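Understanding the architecture of this molecule
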Amino acid sequence: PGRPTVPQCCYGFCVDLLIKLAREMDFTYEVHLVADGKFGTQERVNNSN
Amino acid sequence: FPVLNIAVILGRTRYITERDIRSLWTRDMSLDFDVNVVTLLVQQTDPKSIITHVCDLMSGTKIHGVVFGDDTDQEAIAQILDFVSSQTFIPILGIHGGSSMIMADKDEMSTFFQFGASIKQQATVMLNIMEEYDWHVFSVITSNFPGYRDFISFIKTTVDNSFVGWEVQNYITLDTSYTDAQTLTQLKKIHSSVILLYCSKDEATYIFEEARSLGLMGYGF
Amino acid sequence: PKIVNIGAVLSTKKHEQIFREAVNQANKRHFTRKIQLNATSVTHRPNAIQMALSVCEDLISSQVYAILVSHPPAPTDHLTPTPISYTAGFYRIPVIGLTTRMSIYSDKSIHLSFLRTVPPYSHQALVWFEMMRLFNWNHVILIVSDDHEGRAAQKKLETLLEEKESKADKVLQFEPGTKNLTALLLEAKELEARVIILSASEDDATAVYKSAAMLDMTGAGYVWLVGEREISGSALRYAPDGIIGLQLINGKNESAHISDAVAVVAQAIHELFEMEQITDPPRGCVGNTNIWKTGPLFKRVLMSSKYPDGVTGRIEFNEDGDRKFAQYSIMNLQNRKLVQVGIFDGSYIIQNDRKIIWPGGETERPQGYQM
Amino acid sequence: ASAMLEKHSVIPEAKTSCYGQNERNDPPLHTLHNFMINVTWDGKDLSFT
Ligand SMILES: *[C@@H]1O[C@H](CO)[C@@H](O[C@@H]2O[C@H](CO)[C@@H](O)[C@H](O)[C@H]2NC(C)=O)[C@H](O)[C@H]1NC(C)=O
C-alpha cells in the first residue's frame, strides 16, 4: 500500500529481446522499473504549468 | 511608545493639501499605532526633483516609512522611485495615478510596489472577457516597455492548459526603429477577431495611426 | 558653427583630457564647417545615486547630444552603469559605453536607450560553437551560474545549436555564492559526454574548480572551455591544467576604446545633422516628461554607420546593437601559466605556433565519446 | 510593525542615502520587510500579490 523502491525479479519478451541484443550487442544491462505509474505524457507542471 | 517616523507626499493638479489629510490620517492613525508624520508636496514630477526631495526629507529626519501621491499618470516615474528603493531599503508605496500604474518586474532587492499586478493575471481578466465574447484573438504583440518577452509566455501558458479550444493567429513584435512596415506587412497577414495590445499610450498613439491605415480599426478587429 | 556639446563619464581626469583631445581632433576628422564639437566629462566620484543627480543637473542641463561611459577603475559590485541608461531614457539621448562588456544591460526592453562596442560574455559562445565545430564534438556539457548572465549564455549557445539539430544534453545550473557544489558533479560523471564548458564569476569559479578537483573531473578525456572571467583572478591559484580559455582583445585599454567610439559616433551625428527637422535633446531635467523623437532615428542611421577602420578594430553593429566580428585570444594553462595557443579573429579561428595542451598531455585529444 | 517590531525584530532607520559608496553600512540585519504579503486592514482583505 505504501509504495517505495523495491528489488524485484522481472522476466519478459522485451527482456529476452534485450539480452538477445546484449549478446549481439557489447553493452551490459542493469534494469529498474520506473517509479511513475504511467509511461507519462508532457503536461503542465502545476504552478509552473 | 514606538514613535515611528513616516513621510507622505502629495503631488497634484487637482486641489487638496496634505495637511487636510495629514491631520485626518493622524487622527485615524492615532488609536491603532504610534506615528510621526512629515508631509510635503511638489507640483510636477521629475526624476531629479523627486530623487532630490525624497533624499532631502529622509536624511534630515530618520523616517522609516512613506507613501507617494500624484495627480499624474506618467509611466516612467514608478521605475525611478523603484530604483531609489533598491538602494535605500526603505519601504515605499503609492495610492493613486502613476505609482499605482503597473511597472516592470521587481528587482531581487525589495522595492516599492503597490501599482504592480500580474500582467498575466491582467490578461486572464481580459481573457474572461474573451471567454464571454472572444475566441481566436487577432493578435498579441510584444511592441513596447516591460514584458515583451514575459507577456509572450503567458499567452502560451493560458493556451497550454488546453482545457478549452484556444488558439492564436498573430504573434510578432516591433515599432519605431525601422520602417513600421516589416511588422505591418506581417500584421496584414493575420486575419482575426480580437487585437491584443501591450504598448504604451505613446506607442499606441502611433499604433492608432497604424491601425486606421492597416484596417484594424474596422469591424472584426 | 554651433558647439555641439558631448558628455562623458570616465575613470580619471587624465582620461578626461584624452577625451577632450580626441574631440578637438574631431573638427579635422568630420568636416569642420558642418559641425562644432565641445567636450564635457566627469571623473565619476563614487556616489551611487548622486553622480546621476549631477548627470541630470549638469549633462542634461547641458543638453549633450550624446554621452560616453566607462567602467570605474575602483570596483564595487557590477554593472554600475544601470542608472544612466534609465535616466537618459526619458531624455532619448544616445549613450555609448567603452568598457561595459557585461551582458546584464543586454535587456534592451528596459535598457532600450543602452549601447556598447564590446561583445558581452554571452557572445563568447560564438567561439565555442566554432571551436566545437572544428573538433567535431557535438556532445558537450554546459555549466552556468543562475542569473541573467549564465542563462543568457545558455540561450545564445543553444540558439547556435538550434540551426543544427538542437543539442541540449546535460545543461547544468547552479546558483551563485555556493561553496558546496560537489554533489552535482557526482551527477555529471554519469553523463556520456566528456567535454565541458562553463560560465561563472571568479569567486564562484574558485568553488567550481575546488569541488571539481575533489571528484577528479580535470583528468584526461575531459575538456574545459571557459569565459574570460574564469581564467582571471583568484580562479587561477587553486586551478587545473590544460583548459581552454578566452580573452577579449583591447579590454585593458579604455582610452583606446574611447577614441574609436567618438570617431564612429561622429559619423552618426555629422551624417545625422544633414537630415531635416532634427530636435535638440530635452533642455533641462525639469519641465520634461516627453521622449526625444529623433533618438530612434539616430539609432536607425547608426546601425549602418560605417567605420571599419578603427583603433579597436572593425566596427559594425547588428539589429541587437551588440558589436560584431569581435576577436578573442585563446589561452592555455601550460605549466600553470597563461599562454596563447592561438588567437581568434572574425568567424574563423587562427592557430598560433604554440603546441596544443590538453588534460593528460596528449598533443591531440579529439574523442569525446567514451560512453 | 506590530508583526515585526513587536515580534522580536528591530526596525532600523534609513541612515545613509546621499553620499559615497560605503554600502550604506551594509544591509539591515533581520529587517523583515516582506515577511507578511497577505494581510488585512480594518478587516479589509488587503492581501498582496
Ligand atoms: C593604451 O594606450 C596608451 C596611450 O596610447 C598606451 O600608453 C603608451 O604606451 C607606449 C608603449 O609603447 C608608450 O610609448 C606611450 O608613451 C604611452 N602613451 C602614449 C602612446 O601616448 C598603452 O600602452 C596602451 N595599452 C596597452 C596595453 O598597450
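What the entry reports as its method is cryo-EM, with 6.0 Å given for the resolution.

Quick look at the overall build of chain C now. What chain C contains, in helices and strands, is 10 helices and 12 strands. A globule of 371 residues ought to have a C-alpha radius of gyration of about 21 Å, and chain C, at 23 Å, matches this closely. Along the first, second and third principal axes, the C-alpha set of chain C runs to 70 × 40 × 40 Å. Restricting to contacts in chain C with at least 6 residues of sequence separation, those with at least 24 account for 69%.

Formally, a disulfide is one covalent bond, and it connects the sulfur atom of one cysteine to the sulfur atom of another. The disulfide partner of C56(C) is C285(C), and the gap between their sulfur atoms is 2.0 Å. Of this pair, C56(C) sits in helix α2 (residues 51-60) while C285(C) sits in the loop between α9 (254-274) and α10 (295-303), and the two are 229 residues apart along the sequence. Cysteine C14(A) is unpaired, with the sulfur of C10(A) as its nearest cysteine sulfur at 11 Å.

Across the boundary between the two partners, chain B contributes 11 residues, which contact 13 residues of chain D. Looking at the side of chain B that touches chain D residue by residue, the classes come out as seven nonpolar, two polar and two charged.

Residues and elements named next belong to chain C. Ordered in space as β9-β10-β11-β12, the four strands form an open sheet in which the pairing is antiparallel. The open sheet is flanked by β9 (245-248) and β12 (348-351), the only strands paired with a single partner. For this sheet, the mean inter-axis angle between neighbouring strands, taken without regard to orientation, is 30°. Here strand β11 (residues 339-345) pairs with β12 via four bridges, running antiparallel. Bridge pairing in β12 links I343 to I350.

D20(B) serves as the salt-bridge partner of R19(B), at 2.7 Å between the closest nitrogen and oxygen. Where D146(C) meets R151(C), a salt bridge forms, and the shortest distance between an N and an O atom there is 3.9 Å.

Many analyses report the size of an interface as the accessible area lost when the parts associate. Tallying the contact residues gives 14 residues for chain B and 16 residues for chain C. Contributions of two or more residues to the side of chain B that touches chain C are made by α2 (47-60) and α3 (76-88) of chain B. Classifying every residue of the side of chain B that touches chain C by side-chain character gives seven nonpolar, six polar and one charged.

Seen from their ring centres, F135(C) and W358(C) are 5.7 Å apart, and the 70° between their planes marks the pair as edge-to-face. Residue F135(C) is located in helix α4 (residues 125-135), and its partner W358(C) is located in the segment after β12; the two are separated by 223 residues in the primary sequence. In this structure an aromatic cluster arises from ring pairing among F135(C), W137(C) and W358(C). For the cation-ring pair, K156(B) lies above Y171(B), with the distance from its terminal atom to the ring centre recorded as 2.8 Å.

Looking now at the environment of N38(D). Residues and elements named next belong to chain D. Its location among the elements puts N38 in strand β1 (residues 38-41). Separated by 26 residues in sequence, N38 and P12 place their C-alpha atoms 23 Å apart. Not counting residues up to four positions away in its chain, the partners in contact with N38 are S47 and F48.

Before going further, it helps to examine unusual backbone geometry. Of note in this structure, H136(B) is not a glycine but carries a positive phi near 50°. For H136(B), the position within the fold is in the loop between α5 (119-133) and β4 (139-141). Not every positive phi belongs to a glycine, and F325(C) is a case in point at roughly 55°.

Analysis parameters
Residues numbered from 1 in each chain as written, not as in the entry; some residues may be left out. Chains lettered and ligands numbered in written order. Part of a larger assembly, values for the part shown. Heavy atoms only, no water. Residues with missing side-chain atoms left out of burial classes, pairs and counts. Helix = DSSP H or I, 4+ residues; strand = E, 2+ residues; numbered from the N terminus. Rg over C-alpha atoms; globule rule 2.2 N^0.38 Å. Contact = heavy atoms within 4.5 Å. Disulfide = S-S within 2.5 Å. Nonpolar A, V, L, I, M, F, W, Y, C, P; charged D, E, K, R; others polar. Pairing = 2+ DSSP bridges. Axes fitted to C-alpha atoms, helices over the stretch in contact; angles between N-to-C directions. Salt bridge = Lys/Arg side-chain N within 4 Å of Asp/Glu carboxyl O. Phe/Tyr/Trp six-rings, centres within 6.5 Å; stacked < 30°, edge-to-face > 60°. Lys NZ or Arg CZ within 6 Å of the ring centre and 35° of its normal.

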